[PDB]
K.L.:
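Next up is a structure, given as structure tokens.
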Protein chains: 2
Amino acid sequence: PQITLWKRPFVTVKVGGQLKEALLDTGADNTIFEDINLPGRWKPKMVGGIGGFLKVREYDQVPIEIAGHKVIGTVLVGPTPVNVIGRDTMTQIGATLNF
Amino acid sequence: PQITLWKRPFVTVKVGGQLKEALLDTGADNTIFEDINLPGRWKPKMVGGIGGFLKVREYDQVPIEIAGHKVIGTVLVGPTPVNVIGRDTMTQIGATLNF
Ligand SMILES: CC(C)CN(C[C@@H](O)[C@H](Cc1ccccc1)NC(=O)O[C@H]1CO[C@H]2OCC[C@H]21)S(=O)(=O)c1ccc(N)cc1
Ligand SMILES: CC(C)CN(C[C@@H](O)[C@H](Cc1ccccc1)NC(=O)O[C@H]1CO[C@H]2OCC[C@H]21)S(=O)(=O)c1ccc(N)cc1
């Protein structure tokens, strides 16, 4: 797809086999979800955004699918106010910003 | 250009007569700069991100030149950790996400 930016660029994403939606966010280094329950242990990680920091749970080798592209990546789970697909995942699906 | 996302997508911007650098951020609704001095009246606003809220000043009808494309629109000013170009500005230059 070729997505304009008049509205927030949410995409359908299946993460851990669960159908969710998340914002394609070129300003985010990492992919973060708030409304998923992933299996197994996780490791503590911290991320920093506009208003300060959050403690997140880092889950590794998680399957992610967007627009037919299935990849294996790192997913953070934490109190983000909105699910975001970061550059880590977007590079895997070959997304670019164009103008 | 076509911008891959292996590194943070910074672009050169001219705002308030000054050359600045800012992150092209499709997860940001609005453009925000730190420490730039704009003429005219502003209104107080708040923006919300990961980690909490940010107090900013909103200036309207601000010319911005983004990697050499002219736009007139809203510019927020406040202590963001990184200057961001948001969707409000990127829609004015026809930016799209492609995958
Ligand atoms: C979370 C988004 C929906 C909103 N943010 C834009 C976002 O792209 C920020 C943009 C950003 C970038 C750096 C620092 C602060 C904010 N990125 C971000 O928080 O990323 C975090 C997750 O991955 C990590 O990598 C970058 C920081 C971590 S935001 O900075 O809060 C924001 C909110 C409103 C406006 N108008 C402009 C920006
Ligand atoms: C920095 C501005 C973008 C925001 N200002 C918020 C304010 O808390 C800032 C917070 C602030 C200020 C500067 C840089 C980062 C953050 N403080 C401030 O101006 O303090 C002044 C008095 O001491 C002087 O030296 C320090 C700054 C000067 S503000 O214009 O008054 C403001 C207040 C409320 C809202 N909603 C939106 C904006």
Side-chain angles (χ1 to χ4, degrees), chain A residues 5-11 13 20-35 45-59 64 73-92 95 97, chain B residues 3 5-11 13 15-16 20-60 62 64 66 71 73-92 95 97:
Chain A
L5 294 172
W6 301 100
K7 60 186 182 191
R8 290 176 294 175
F10 285 108
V11 296
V13 49
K20 296 295 174 167
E21 82 180 64
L23 185 64
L24 296 173
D25 186 354
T26 56
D29 299 338
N30 326 101
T31 287
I32 322 178
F33 284 80
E34 159 251 350
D35 62 345
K45 188 204 171 61
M46 317 256 318
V47 299
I50 209 139
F53 305 94
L54 316 168
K55 310 187 61 107
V56 296
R57 319 189 190 180
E58 175 191 316
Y59 290 98
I64 309 151
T74 286
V75 172
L76 303 179
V77 180
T80 177
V82 66
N83 299 334
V84 300
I85 307 309
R87 289 188 299 99
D88 61 340
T89 301
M90 283 191 284
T91 52
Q92 292 180 88
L97 244 195
Chain B
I3 302 161
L5 291 173
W6 296 102
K7 58 185 178 191
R8 292 172 286 185
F10 282 109
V11 291
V13 170
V15 60
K20 306 276 181 156
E21 185 174 318
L23 184 67
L24 296 166
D25 188 355
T26 56
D29 298 337
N30 291 97
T31 294
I32 317 180
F33 289 85
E34 36 131 2
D35 212 15
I36 62 170
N37 311 287
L38 294 168
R41 295 209 133 49
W42 52 268
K43 290 161 17 163
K45 217 215 152 230
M46 288 197 94
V47 297
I50 269 166
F53 277 93
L54 187 69
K55 292 174 173 183
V56 297
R57 300 179 171 192
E58 173 176 342
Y59 294 83
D60 295 325
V62 179
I64 302 190
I66 306 245
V71 175
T74 294
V75 179
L76 307 178
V77 174
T80 171
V82 66
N83 300 324
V84 298
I85 307 307
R87 295 191 296 101
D88 60 338
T89 303
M90 286 190 282
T91 54
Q92 300 302 295
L97 282 169

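Note on naming: letters A, B, ... go to the chains in the order of the sequence lines (proteins, then strands), and numbering restarts at 1 for each one. Order of appearance sets the numbers: ligands from 1, and atoms from 1 within every ligand.
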K.L.:
Between atom NZ of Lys20(B) and atom CD of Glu34(B), what is the distance when rounded to the nearest 0.5 Å?
P.N.:
7.5 Å
K.L.:
Decide whether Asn30(B) and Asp88(B) meet the rule of one side-chain donor and one side-chain acceptor closer than 3.5 Å.
P.N.:
yes
K.L.:
Of the non-hydrogen atoms in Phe53(A) and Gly48(A), which two are nearest, and what is the gap between them?
P.N.:
CD2-CA, 3.5 Å
K.L.:
Does even one non-hydrogen atom of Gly48(B) get within less than 4.0 Å of ligand 1?
P.N.:
yes
K.L.:
Using a plain distance cutoff, I'd like to know if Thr31(B) has any nitrogen or oxygen under 3.5 Å from a nitrogen or oxygen of ligand 1.
P.N.:
no
K.L.:
Suppose I only count heavy atoms of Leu23(A) and a 4.0 Å limit; which atoms of ligand 1 are within that range?
P.N.:
3 (C)
K.L.:
Applying side-chain contact (heavy atoms from CB on, under 4.5 Å) between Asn83(A) and each of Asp35(A), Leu23(A), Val77(A), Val11(A), report the one that passes.
P.N.:
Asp35(A)
K.L.:
Filter the ligand 2-protein atom pairs down to N or O on both sides and distance under 3.5 Å, then list them.
P.N.:
| unit_1 | atom_1 | unit_2 | atom_2 | d |
| --- | --- | --- | --- | --- |
| ligand 2 | 30 (O) | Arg57(B) | NE | 3.1 |
| ligand 2 | 36 (N) | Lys45(B) | O | 3.2 |

K.L.:
Using a heavy-atom cut-off of under 4.0 Å, does the side chain or the backbone of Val82(B) touch ligand 1, or both, or neither?
P.N.:
side chain
K.L.:
Output the list of atoms in ligand 1 that are nearer than 4.0 Å to some heavy atom of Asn30(B), sorted by atom number.
P.N.:
35 (C), 36 (N), 37 (C)
K.L.:
Could you tell me whether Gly27(A) and ligand 1 have an N or O pair separated by under 3.5 Å?
P.N.:
yes
K.L.:
Roughly how far, to the nearest 0.5 Å, is the CZ atom of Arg87(A) from the CE atom of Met90(A)?
P.N.:
8.0 Å
K.L.:
We want to know whether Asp25(A) and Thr26(B) form a side-chain donor-acceptor pair, criterion being a heavy-atom distance below 3.5 angstrom.
P.N.:
no
K.L.:
Go through ligand 1 atom by atom and flag the ones less than 4.0 Å from a non-hydrogen atom of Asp25(A).
P.N.:
2 (C), 7 (C), 8 (O)
K.L.:
Please report the interatomic distance OG1(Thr91(A)) to CG(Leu5(B)), rounded to the nearest 0.5 Å.
P.N.:
7.5 Å
K.L.:
Would you find a donor on one side and an acceptor on the other, under 3.5 Å apart, between the side chain of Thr31(B) and the backbone of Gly86(B)?
P.N.:
yes
K.L.:
What are the atoms of ligand 1, with element, lying closer than 4.0 Å to any heavy atom of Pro81(B)?
P.N.:
14 (C), 15 (C)
